[PDB]
Amino acid sequence: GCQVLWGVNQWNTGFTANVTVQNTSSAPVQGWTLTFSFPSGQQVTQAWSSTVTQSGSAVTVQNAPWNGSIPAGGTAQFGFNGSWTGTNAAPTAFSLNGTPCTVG
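Its first residue numbered 3, the sequence shown is counted upward by one per residue in the authors' numbering.
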């Protein structure tokens, strides 16, 4: 069980996603990988507190060395900037280590 919070700062040609992964399960997490797809053509241009990989619309986010341990109930935060054009919709589905997440 996982839950993602998707925070957004928005401007004319770019945006920031400030993300929270919530370990809503009863088991601790040691190393995590978050996957999602962009719905609007967005492209990652900068990442922090993680390693972000994109191919086409698909994005993979891997933990940094200092934030891979999420206790049961705890959170981890990462962020990235991206470019966008036209529209900038949020992703509608996320998966953490294969597990489909809810969205706050």
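Where is the CB? At the ideal position from N, CA and C, for every residue including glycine.
* What is the residue span of the beta strand (DSSP E) that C4 lies within? -> Unbroken run through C4: none, as it is neither H nor E.
* Asked: If we call anything under 8 Å between Cβ atoms a contact, is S39 one with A19?
  -> no
* Asked: Can you tell me the Cα-Cα spacing of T87 and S42, whole angstroms?
  -> 8 Å
* Asked: Given a threshold of 16 other Cβ atoms within 10 Å of its Cβ, counted over all protein chains shown, does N25 qualify as buried or as exposed?
  -> buried
* Check whether the Cβ atoms of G33 and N65 lie closer than 8 Å to each other. => yes
* Tell whether a beta-carbon distance below 8 Å holds between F17 and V10. => yes
* Pick from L7, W8, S27 and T15 that is closest to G75, judged by C-alpha positions -> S27
* Start-to-end residues for the beta strand (DSSP E) that takes in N65 -> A60 to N65
* Asked: Just checking my contact of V31 with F82 at CB under 8 Å: how many whole Å lie between their CB atoms?
  -> So it is not a contact: roughly 20 Å between Cβ atoms.
* Asked: Taking buried to mean at least 16 other C-beta atoms within 10 Å of its own C-beta, is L36 buried or exposed?
  -> buried
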